[PDB]
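Take a look at this single chain in structure tokens; it is the form deposited in one PDB entry.
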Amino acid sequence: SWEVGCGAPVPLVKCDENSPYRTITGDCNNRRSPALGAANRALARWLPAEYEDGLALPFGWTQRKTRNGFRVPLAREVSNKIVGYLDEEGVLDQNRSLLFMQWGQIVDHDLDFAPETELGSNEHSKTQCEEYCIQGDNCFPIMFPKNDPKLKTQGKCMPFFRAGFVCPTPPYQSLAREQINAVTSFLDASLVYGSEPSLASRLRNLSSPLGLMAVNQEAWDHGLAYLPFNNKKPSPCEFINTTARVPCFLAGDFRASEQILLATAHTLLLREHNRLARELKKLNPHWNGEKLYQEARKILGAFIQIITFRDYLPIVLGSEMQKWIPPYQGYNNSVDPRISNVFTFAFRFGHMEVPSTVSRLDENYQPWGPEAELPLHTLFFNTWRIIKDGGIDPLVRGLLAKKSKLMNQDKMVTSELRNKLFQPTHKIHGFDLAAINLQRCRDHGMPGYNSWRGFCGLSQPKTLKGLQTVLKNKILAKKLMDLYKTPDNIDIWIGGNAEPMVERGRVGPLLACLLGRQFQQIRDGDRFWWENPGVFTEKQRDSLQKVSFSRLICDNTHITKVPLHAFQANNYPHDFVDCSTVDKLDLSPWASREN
């Protein structure tokens, strides 16, 4: 028994139970427990942290200190030897649109962030990790292995800075290190509205009470809006093209301009807010700034939940779907809504669903222009290709008409992300998201692959032959064995993803367990789950049941041809239909039954 919460950042918790709306921070969702699921708290531990020194040192930190008697392979080496591949041909998912990937990142960003430590934004110390490759205090560089091509063109490591952790932050050493979650655990649309009341207000268009979200004043998208620019210099988005000089956007989530399609989806979501809001005033003139804001917010959340839970989850989890997430029975205030530390790694499967290129398509779903298809790496923190190069519409057409990468055991993560990732305050397009997941796994004190197979009630292979059988691959298992020398040491990110898919899923059984549990927990433990009676009306819930991503495009872009089932592989024109024939969101039940 160590205590009941460790809090020095528990920065004003006065509870109003009496609300028809969520807080911004997530506080006061569980009334019996007010801080459960709020942002700025520790990620839940489903299993105890496993650090090198028991407390907060990652496995791999001290050269001579092993895990279960072996050295841990270098993140980058696992990435070269197992994660890499060259041939992009035949890697596409024939049953998933590119929107299946992108929705995944939307939801992941609504659910969790564990951002790098904040005890250094303008010091030597920062560039000391990029420049000198010195394992330090929160600097934990990713070292290149003997044979690595990057040694020839980049230096000795990739810079990497340990995730933040709760309570102290300037010097710490007493209980087990627990990483923070800076977003709300609830599927709430916090990526559109922010998780802090500070940021939540800054994004609002206060200058008039129409419950509108603050839009971009310097540019437009033919009559349609953009997110406002974040004006913080220096700017990663300005850095990628000094001539076009377009900054990153300002969203309720800071990751929004990471890659162009993320920024597109975010863009659609704000347009829905405002659309929704305006349709409301054209119903209710009585309402003031808040009631319109909050009431569209509330609708934005439910749509997020319905799309994720009705359209998205069933094709991630497949046969395992109703096993982990059975039909809803209502809010269970005994359920734990917090995101587990492990989930923030399990949902990284999405990393293998990302293809090497992104296309703009025109009105006929043909190759927009002479640069239709762009390599993914040029789109990190790329906001200029939207504003100065077409709007979001051809990219959205892409999202429908194009396919996600299918995860593949001999072809795991495209080199766009594996060799050419762009990171802010780093000058080069040369990072490795895989190596970085793996460093991160260890950073976060993740129990290895068998602790999680155990936790999921699954077999624990102890030998190569064991692993071949589970992974159903003789080759991969062997390389995993050579690198790790016990399946107890396999990093959860790589072992869960190496597993073969379940029937009509896109993850293997261990991930479906980790994912399934977590999504069940975010539905059941949520007082404001759209389907929890008391949140909307019999009638309000009947309109909601009509919302489709297809519709969201229709009413928020100048696209007018869309498929029914946005998430599967859809080819023009045999799978498309007009905006016309697509059930819209009938907003009447939100008409004030008051004068």
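So that the term is clear: the rigid core is the largest set of C-alpha atoms that superpose within 1.5 Å between two forms. We number the residues from 1 along the sequence you see.
Legend: mean Cα B-factor per stretch from the PDB entry, 161 to 169 versus 330 to 338; the higher mean is in 161 to 169. The PDB entry reports B-factors from which the mean C-alpha value can be compared for 474 to 482 and 213 to 221; the larger average falls on 213 to 221. For the set 108, 443, 137, 258, the PDB entry puts the maximum C-alpha B factor at 137. For the set 378, 102, 125, 408, the maximum C-alpha B-factor listed in the entry falls on 125. In the deposited entry, the Cα temperature factor of residue 461 places it in the middle third of its chain's modelled residues. In the deposited entry, the Cα temperature factor of residue 389 sits in the middle third of values across the chain's modelled residues. Residue 67: CA B factor in the middle third of modelled residues in this chain (values from the PDB entry). When the modelled residues of the chain are ordered by C-alpha B-factor, residue 251 sits in the middle third. Looking at the C-alpha B-factors along this chain, the one for residue 50 belongs to the lowest third.
Another form, the form deposited in another entry, is not on view; read the next lines as being about it.
With the core held fixed by superposition, the comparison between the shown form and the other one singles out 174 as the only member of 319, 174, 95, 364 whose CA moves by at least 2 angstroms.
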